[PDB]
Amino acid sequence: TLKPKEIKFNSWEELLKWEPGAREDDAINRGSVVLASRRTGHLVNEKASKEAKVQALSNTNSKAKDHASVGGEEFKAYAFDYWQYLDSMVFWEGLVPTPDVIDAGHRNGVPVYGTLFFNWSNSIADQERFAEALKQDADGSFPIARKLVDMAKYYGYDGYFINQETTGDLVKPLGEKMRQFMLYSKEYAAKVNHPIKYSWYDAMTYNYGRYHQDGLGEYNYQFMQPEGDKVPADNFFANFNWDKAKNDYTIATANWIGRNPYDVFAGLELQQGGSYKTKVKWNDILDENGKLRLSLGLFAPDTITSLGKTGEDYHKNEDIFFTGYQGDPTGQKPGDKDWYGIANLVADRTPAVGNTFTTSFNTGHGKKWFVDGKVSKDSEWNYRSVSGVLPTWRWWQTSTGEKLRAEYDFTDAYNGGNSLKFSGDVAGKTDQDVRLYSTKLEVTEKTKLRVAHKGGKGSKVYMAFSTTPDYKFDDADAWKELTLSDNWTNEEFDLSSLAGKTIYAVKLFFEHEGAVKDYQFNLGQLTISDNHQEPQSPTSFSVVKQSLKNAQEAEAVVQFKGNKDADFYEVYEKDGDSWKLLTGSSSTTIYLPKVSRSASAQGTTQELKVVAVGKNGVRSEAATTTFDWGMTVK
């Protein structure tokens, strides 16, 4: 079988038999993107906290029977892009996160954890499964802990969330061994130079089996207890029935043991709640100033995909959840709403740091895949490995009058599945802006700006940069007017006049001199970089495996050698006289679910190509190979 699959073990015996590289889909299942660094920018909301954090517990993947661990030929997906408000993402459905989640999170500077779940049960089988995980070697080391760390290192993810719901007589005496399993793990992980973190569900008490405190208290503090300068659980997930007293108790307990209260994440039951419709006791967790006194644990936020019928709906509903009903991360919750947007309460972070930043607003899914403004893949996909960096703010807008609607555009894009679209009936003379990205980008004599865009008829449009951390746009050398036309254009601007300065934010600015019915402008790509070169072509490109369905459709896997300048790679087939994109991936091993030929295809072979897409947004030259069908079509 060629299709890569999620990694699951039926027993601890099977896990102990695990070895790096010993599975046929290992080359594909490894994460390929290193965890990016992030900056915390100037606060944009008066009620947001730099202390309060957010951890998502997400069922990230399709549950369809034969779904691939990389994604699939379907638009609808948990195409998460609100990384800027997350501390970490927990892959809820299994032990080993998939490469599409790992790569997406890491590009955005968010660590990704697997889940170690012990069944809500007191069956002897389950208590034994639990005891067995804590088996020690002669030395007191934990062989299961080693395999967990070895896998985190090999597949390239950042640790585990432990949900220990198993209870009973065999479970009760194992509090210290559970605690030492976590401490041991982290010692071993530091020794293999791949440190991990643990997060811990409020379930198993130290001495009394399963009992949720809905908080940190007298029965579970041991799992957070400092051991010299180390700790067992890094993060604690409080059960959902917290209130004012329990939160007070949590804070008191954390403080007494010498832990930061913000390492406790108050659970929100978003599955039974219905995402942003969840009835949260905000009054119990916000202080007198309207500010979070604990961190927030999002249970099953992926639930939000079921609130709307389309992929477009997914993003619009995520907006309500993460930015809030007011629709601007600088604004306050509306008086007629109960839900606070995460941005209302928690500060954003940004991976746009260094000398180079690029994005084409790739959300990791699409109805089509565009290549420089032209349809290349004329059909639906989700391959979240290629998820890029979407706007920090959705949407921070000011206007002398009315505001354009900002949204994702899945009908037209420059590169990937979507652009950003700004549209509305402009009623009269107006100046307005859309502040898009928080950044920390160092400008040199070599720094250029590349912007791909379309439309804007009836306006002047500019891109402007703030060269101060407080996001002021007062620098005359930091404004570039765009040359507008009705088709996609990609323009380059010299930033050398800003050499020695740092860019902290990116905005668009719009001027309309009068009314404009049906106004529309699209932003399709944004790059700030001191490198304008094509990355090297991939080398050693071949079909390594194939499986034909018939003379016109096959699965394949391809492999090649890439380079450090590549962000991700695109694979295409030649369909008659037209190159058409198949898929993209951060990896150098790539599954092709459908290589296909038309009824009139000539010969017994077909050309494929792979292209590196640079960290600077520039494509390499293609590497090519020949897929051999072994047969003609007719």
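Residues numbered from 1 in each chain as written, not as in the entry; some residues may be left out. Heavy atoms only, no water.

As documented in the archive entry, the model was determined using X-ray crystallography at 1.87 Å resolution.

1. Describing the packing of aromatic side chains
The following threshold applies: Stacked, tilted and edge-to-face are the three classes assigned to paired rings of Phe, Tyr and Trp, where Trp is represented by its six-membered ring and a pair needs centres within 6.5 Å; plane angles under 30 degrees give stacked, over 60 edge-to-face, the rest tilted. Numbering goes from the N terminus for both helices and strands, where a helix is a DSSP run of H or I of at least four residues and a strand is a run of E of at least two. Relative accessible area decides the class of each residue, using a 1.4 Å probe on protein chains only: under 20% of the type maximum gives buried, over 50% gives exposed, and in between gives partly exposed.
In the structure shown here, the tally under the stated rule is 55 aromatic pairs. Seen in terms of ring centroids, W92 and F299 are 5.6 Å apart; in terms of plane orientation they differ by 80°. Their pairing is edge-to-face. A residue pair is termed long-range when its members are at least 10 positions apart, and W92 in the loop between β2 (88-91) and α3 (99-107) and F299 in strand β8 (residues 295-299) qualify at 207 residues. In this structure, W92 and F299 share a single accessibility class: buried. Taken together, the ring pairs in this structure connect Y78, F80, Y82, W83, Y85, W282, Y314, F321, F322, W339 and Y340 into an aromatic cluster.

2. Looking at the sheet that holds strand β1 (residues 54-58)
The strands making up a sheet associate through hydrogen bonds between their backbones, and the pairing can be parallel or antiparallel. The criterion, for reference: Two strands are said to pair when DSSP picks up at least two bridges between them. For every element, the axis is a line fit to its C-alpha atoms; helices are fit only across the contacting stretch, and the angle between N-to-C directions ranges from 0 to 180 degrees. Here a residue-residue contact requires only that any non-hydrogen atoms of the pair lie within 4.5 Å.
One closed barrel holds the eight strands; their spatial order is β1-β2-β3-β4-β5-β6-β7-β8, and the pairing between them is parallel. The sheet shows a mean angle of 25° between the axes of neighbouring strands, direction not considered. By the bridge criterion, five bridges tie strand β7 (residues 264-269) to β8 in an arrangement that is parallel. Note on β8: the bridge partner recorded for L268 is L298. Contacting β4 (159-166) and β5 (197-201), helix α6 (residues 175-191) crosses the sheet at an angle of about 160° to β5.

3. A look at the side chain of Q606
This is how the line gets drawn: Identification of polar contacts relies on pairs of N or O atoms within 3.5 Å, with a donor-acceptor requirement for protein atoms, meaning one able to donate a hydrogen and the other able to accept it, and with residues adjacent in sequence counted only if both atoms are side-chain atoms.
Looking at the secondary structure, you find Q606 in strand β30 (residues 605-614). Here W629 takes part through its side chain, which lies 2.9 Å from a polar atom of the side chain of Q606. With near-sequence residues (within four places) excluded, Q606 lies in contact with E573, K574, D575, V595, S596, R597, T625, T626, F627 and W629.

4. Regarding helix α9 (residues 311-322)
Turn by turn, an α-helix covers 3.6 residues, leaving residues three or four places apart pointing in a common direction. Where we set the bar: Helix span, as expected, comes to 1.5 Å for every residue beyond the first.
An ideal rise of 1.5 Å per residue puts 16 Å on 12 residues; α9 measures up with 17 Å between its terminal C-alpha atoms. Turning to α9, its buried residues number three or more, namely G311, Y314, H315, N317, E318, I320, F321 and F322. In this structure, the buried side of α9 is in contact with α8 (270-273), β8, α10 (342-345), β11 (365-366) and β16 (405-409). Of the residues flanking the end of α9, it is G324, one or two places downstream, whose phi is positive at about 115°.

5. A look at the nonpolar core
This is how the line gets drawn: Here, nonpolar core refers to any group of buried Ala, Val, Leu, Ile, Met, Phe, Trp, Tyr and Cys residues whose side-chain atoms link them within 4.5 Å. Domain boundaries shown here were taken from an automatic or database domain assignment.
In terms of nonpolar packing, the biggest core is built from 97 residues, with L148, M151 and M178 touching the most fellow members. Among the elements that make up this core, the one with the highest residue count is helix α5 (residues 143-155) (eight residues). Residue contributions to this core reach at least three from each of two domains, namely domain 1 (1-350) and domain 2 (351-532). Non-local contacts of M151, meaning those with residues more than four positions away in its chain, are made with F9, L15, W18, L95, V96, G156, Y157 and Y160. Listed in part, the 39 residues of the second largest apolar core include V461, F493, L495 and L523.

6. Description of the sheet that holds β30
Read from one edge of the open sheet, four strands run β28-β27-β30-β31, paired in antiparallel fashion. Edge positions in the sheet fall to β28 (578-585) and β31 (623-628), since each of these pairs with one other strand and no more. Strand-to-strand twist across the sheet, computed as the mean angle between neighbouring axes with direction ignored, equals 30°. Taken together, the seven bridges between strand β27 (residues 566-575) and β30 define a ladder with antiparallel strand orientation. Along β30, the bridge assignment pairs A566 with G614.

7. Let's talk about α6
A rise of 1.5 Å per residue sets the reference length of α6, with its 17 residues, at 24 Å; its end C-alpha atoms lie 25 Å apart and thus fit the reference within 8%. Listed in full, the buried residues belonging to α6 are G175, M178, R179, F181, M182, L183, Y184, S185, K186, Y188 and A189. Buried residues in α6 make contact with α4 (124-133), α5, β4 and β5. After α6 finishes, the residue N193 shows a positive phi value of roughly 55°.

8. Topic: the packing of α5 against α6
The criterion, for reference: Throughout this description, any angle smaller than 35 degrees is read as roughly parallel, any larger than 145 degrees as roughly antiparallel, any in the 65 to 115 degree range as roughly perpendicular, and the remainder as oblique. In this scheme the handedness of a crossing depends on how the near helix is turned from the far one: anticlockwise by less than a right angle means left-handed, clockwise means right-handed. Note on residue classes: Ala, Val, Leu, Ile, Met, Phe, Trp, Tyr, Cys and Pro are nonpolar, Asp, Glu, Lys and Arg are charged, and everything else, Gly too, is polar.
It is at 9 Å that the axes of α5 and α6 come closest, and there the two elements cross at 45°. Compared by their axis directions, α5 and α6 come out oblique. Two packed elements cross with a definite hand, and for α5 against α6 that hand is right-handed. Note on element contacts: α6 touches α5 through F181, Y184, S185, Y188 and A189, opposite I144, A145, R146, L148, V149 and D150. Residue classes in the contact of α5 with α6 are distributed as eight nonpolar, one polar and two charged.

9. Side note on the pairing of strand β6 (residues 235-238)
For clarity, the cut-off: The crossover handedness rule: strands pointing away from the viewer, path from first strand over the helix to second strand clockwise, crossover right-handed.
Residues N235 and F237 point to one face of β6 and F236 and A238 to the other, with burial holding for every one of them. Both β6 and β7 contribute to a ladder of three bridges, which runs parallel. By the bridge assignment for β7, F236 is matched with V264. The β-α-β motif built from β6, the intervening helix α7 (residues 244-257) and the parallel element β7 has right-handed crossover chirality.

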